[PDB]
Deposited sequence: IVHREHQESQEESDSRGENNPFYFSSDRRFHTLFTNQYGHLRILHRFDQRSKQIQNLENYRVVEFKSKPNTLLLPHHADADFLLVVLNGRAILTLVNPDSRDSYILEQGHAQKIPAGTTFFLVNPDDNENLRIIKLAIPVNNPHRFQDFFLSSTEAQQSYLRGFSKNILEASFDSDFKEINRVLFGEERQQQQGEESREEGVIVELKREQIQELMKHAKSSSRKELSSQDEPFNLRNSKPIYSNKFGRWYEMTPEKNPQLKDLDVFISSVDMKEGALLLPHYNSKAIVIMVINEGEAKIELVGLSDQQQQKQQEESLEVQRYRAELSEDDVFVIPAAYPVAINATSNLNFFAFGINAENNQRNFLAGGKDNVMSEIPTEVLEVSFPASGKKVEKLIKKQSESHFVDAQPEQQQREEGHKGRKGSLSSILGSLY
């Protein structure tokens, strides 16, 4: 009666739950299948899309903008993010863990300055025109796509650029100098240098990128570490009412059963393997079990209030976006810290469970560690 694997509606595997928007020899862009189409239980995520981006060393994703706000996050590798504005531009160096909100319609390009490592990015998108999807407008002209400038008539273009259409087509379109093949190209090492010296490394600005990784972990012991930034801590995060998390776990570590009070969590596996257990209510009852094994790039959604537990089967790190973030309270159901069960009066425990109240409190204090424990032990 359990919902496991690809039958688990909260599981979005990279193997079967993504759609490739673009892919070539240098990298790819993939968009996660819609949340609400997979399950009505997370219908309120219908206004969010998730994009995964990967590109090989010394690559560049060409200038483009979208009718969607983006909360870009670097899961693995390093990158140069340049936001191009109407009368200025800003380049930033994003290290693993760095996040940055990109207002909708902001033209931008991305570089993987690393000479040997791939760049992996996870991006939360909030569409503007249609609540369920957005469009990527590439200003560039490649064999894979026409520049949107091509949408204007000859007369408009000639009067706009104060030039003959033959020069315009020759220089910008190349649709009788040759154009690149796709929206992800490889740059010469020297070129990466020029772009690199102009970028600014992040050392909570309303604009500049931030790294939750270099803040004090909210939870930290021998089995795991948990970094988290909330809208209370960051203005970009407050605008989106979203919190972000980055958690490390050693092989054999267990993230104890817990539930987020009001936040809907979208998590992604950065590296490692994990077994996750989610509890829902069956459908005047009985609990509905949702199980899944997560691997690199897999996405999983933890609905607000649904109890959850994660067992790391290998060293692991996962990232998470918390929707409806403001004042979320993480309620643990075991351990000696943030444990809501330990906050219930003896008299209430007496009637809430079969055994006596004192017999329940005794069992509750058994586990002396908090948040992360030995999966065995």
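Asks: Numbering the deposited sequence from 1, which residue ranges have no coordinates here?
Replies: Holes in the chain trace, numbered from 1: 1 to 12, 189 to 195, 223 to 226, 307 to 313, 315 to 316, 410 to 433.
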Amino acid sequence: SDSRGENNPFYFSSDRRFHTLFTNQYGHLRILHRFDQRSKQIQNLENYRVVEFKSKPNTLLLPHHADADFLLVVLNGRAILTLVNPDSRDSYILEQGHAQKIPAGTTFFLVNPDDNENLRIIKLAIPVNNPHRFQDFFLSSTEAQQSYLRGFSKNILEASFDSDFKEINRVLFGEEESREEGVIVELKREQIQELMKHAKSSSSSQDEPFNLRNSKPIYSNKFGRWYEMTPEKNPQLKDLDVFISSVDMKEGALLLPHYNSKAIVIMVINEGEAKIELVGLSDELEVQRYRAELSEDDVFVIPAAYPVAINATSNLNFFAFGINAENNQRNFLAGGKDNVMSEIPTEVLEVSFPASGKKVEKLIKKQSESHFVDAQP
From here on, numbers count along this sequence of modelled residues.
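Asks: Pick between 246 to 254 and 298 to 306: the one whose mean CA B-factor in the entry is higher.
Replies: On average, C-alpha B-factors are higher across 246 to 254.
Asks: Do the CA atoms of 312 to 320 or those of 43 to 51 have the higher mean B-factor in the entry?
Replies: Averaged over C-alpha atoms, the B-factors run higher in 312 to 320.
Asks: Highest recorded C-alpha temperature factor, please, choosing from 178, 106, 140, 100.
Replies: Across 178, 106, 140, 100, the entry lists the biggest C-alpha B-factor for 178.
Asks: Looking at 147, 155, 260, 201, which has the highest CA B-factor as recorded?
Replies: In this record, 201 carries the highest C-alpha B-factor of the candidates.
Asks: Residue 123's Cα B-factor: lowest, middle or highest third of the chain?
Replies: CA B-factor rank for residue 123: lowest third.
Asks: Taking the values exactly as deposited, rank residue 130 by C-alpha B-factor within its chain and report the matching third: lowest, middle or highest.
Replies: Residue 130: CA B-factor falls in the lowest third of its chain.
Asks: Considering every modelled residue of the chain and its Cα B-factor in the PDB entry, is residue 24 in the lowest, middle or highest third?
Replies: As the PDB entry reports it, the C-alpha B-factor of residue 24 lands in the lowest third of its chain.
Asks: Can you work out whether the C-alpha temperature factor of residue 174 puts it in the lowest, middle or highest third of the chain?
Replies: Its C-alpha B-factor belongs to the highest third of this chain's values.
Asks: Please rank the C-alpha B-factors of the chain's modelled residues and tell me whether residue 331 sits in the lowest, middle or highest third.
Replies: CA B-factor rank for residue 331: lowest third.
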